[PDB]
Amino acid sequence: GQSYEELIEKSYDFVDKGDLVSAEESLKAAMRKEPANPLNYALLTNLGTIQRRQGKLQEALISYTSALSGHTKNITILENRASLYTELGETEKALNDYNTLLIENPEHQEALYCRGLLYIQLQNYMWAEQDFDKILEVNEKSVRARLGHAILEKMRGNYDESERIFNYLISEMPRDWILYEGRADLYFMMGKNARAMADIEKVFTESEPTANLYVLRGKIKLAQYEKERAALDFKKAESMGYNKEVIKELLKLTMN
């Protein structure tokens, strides 16, 4: 119908204006007008994303769950809800959606990459390795697949393999600063604090560091018995949205 279509049209124009509150209401209104419309699962997908971009994470999960209902093997819905589960720390639920996705399309690169990372986090290193290899088998040119391997090797304790990969990637893209952040983290986990600082100094001089890099520099400053300098960095990372619980515990280690 015409009313249903005009409400969907207003939702699009509101999304284009950044008015997610109004876009959400137009979608909800459209669905009250035609509750039985079979194209509603598409509206529920958009609503889920609009709700997620507002931080209404529990609501967004309900919208994606509803959208998925009659379309259990929809790549978009599975990819968005698995990503949302990850954000909610629902690791088994996120993995299960990537498993549904990847049994359907074993060559879906975003799903492979995200599952790969999840497997690293779950200490499941052999399965992470196989997911990054799958990407490189379909896309030899993939940089993030090689980075996946670099992060994996570091978490496994194969520091030299990890360092070889980061050195290669950095030689290839010598100004992709986020690579220096990964390599610095590897050097810190290796006990190579002065070497890590060299990488950290490069990012601070040439770019805008992440909150993670302020924690990393703070942790090194801690090890260098410079508690006041460390706290300044931990406070800065907190002001940037780093985990408030963990940032709270790090700050206690600076208050001698």
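Numbering starts at 1 and follows the sequence shown.
- Averaged over Cα atoms, the B-factor as recorded in the entry is higher for 227-235 than for the other of 185-193 and 227-235.
- Stretches 151-159 and 86-94 differ in mean C-alpha B factor, with the higher average recorded for 86-94.
- Between the residues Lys73, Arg115, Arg164, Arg146, it is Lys73 that shows the highest Cα B-factor in the PDB record.
- In the PDB entry, a CA B factor belonging to the middle third of its chain's modelled residues is recorded for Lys202.
- Sorting the modelled residues of the chain by their CA temperature factor places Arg32 in the middle third.
- Annotation for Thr210: C-alpha temperature factor in the highest third relative to the rest of the modelled chain, per the entry.
- Residue-level temperature factors show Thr65 in the middle third of its chain, judged at the C-alpha atom.
- Sort the chain's modelled residues by C-alpha temperature factor and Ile247 lands in the highest third, per the entry.
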